[PDB]
């Protein structure tokens, strides 16, 4: 057991092939399956796992009653093998958490889980199962993190946190840890911009993040930083907006440096992802411009360095007749592909129930996972499949 370098370049991919589909809500119609959100994936040197947040209720149980949009003391971070349903008997407990990130050194699992009150929350760092350090809130306004896999290189692990208003200017910080101990941190000066729920991946020894602007941007913030936490910050250059809500593409002018919004798209967003491809970028986005429906991945030529509108490839993995949700990025290590680049992958969450389906008293989601390959692959629509409403809704 050795630290994983993860200093290799990210692979160039011409398509994404489906990897897993957990069918959790379908199974949860009769089986014992957690009500969950945001099923993100992280990979160790021997295995990939689906992490998720749950409040301890099971599908078709009265405790799934969704009631209010708060943050709960009941909410926890758990994990299952990639492709498994988030069920009661396979789930492995990682952390108390209503916001979380997790990744793997190469030696041990690292899990960061945030709990506590909105005005004085704190993060507990779990390393190999154990509380090893704490990060306190520095702005006392809902301390929160990625909701997807963090990044470990050369025995050091990095993640991004936000403290401040969700619809106004906030504070954004990069953290560096070693064996679960925070060894450095850096605040990202980003006036006018809004960083929230970043999807990060390693790329040639640097960390590259595609995030969500919940304030004034229908384009996605971009954050890149090195092992000293020296950074550059801005927005995805491409003249294609990839947040939700947004406007149609022809009604949009891109920007590498500033948030572009208005037209009724402000004060919301969705977690999403992108992958730098030399000068171009693979970027995911919902098919619908106003709601979380459908999903597609766009290869935007030169879209990482200029405001290009040239889409050279588009693959739909979920049609606009089906509910999508969050998306996030992760990478497969080389101790397992025997390649010399890092394979880019993404997971897709598919939300069922409230708010879009109001005859159900609950909200949960299932997932599909895709990885990039050398050749082009066709798309299809791998929808959630659960038939709603459920029995508890009667």
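Positions refer to the first chain, counted from 1.
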| Comparing 353 to 361 with 33 to 41, which has the greater mean CA B-factor as deposited? | 353 to 361
| task | Can you let me know which of the two, 371 to 379 or 17 to 25, has the higher average C-alpha B-factor in the entry? | result | 371 to 379
| From 96, 210, 237, 80, which pick has the Cα B-factor that tops the rest in the entry? | 237
| remark: Listed options 178, 104, 144, 292: highest C-alpha B factor recorded at 178
| query | Which third, lowest, middle or highest, does the CA B-factor of residue 328 fall in along this chain? | reply | lowest
| note | Split the chain's modelled residues into thirds by Cα B-factor; residue 76 lands in the lowest
| task | State the tercile, meaning the lowest, middle or highest third, of residue 388 with respect to the CA B-factors recorded for its chain. | result | middle
| Among the modelled residues of its chain, does the C-alpha B-factor of residue 164 lie in the lowest, middle or highest third? | highest
| note | For residue 172, the third of its chain by CA B-factor is the middle
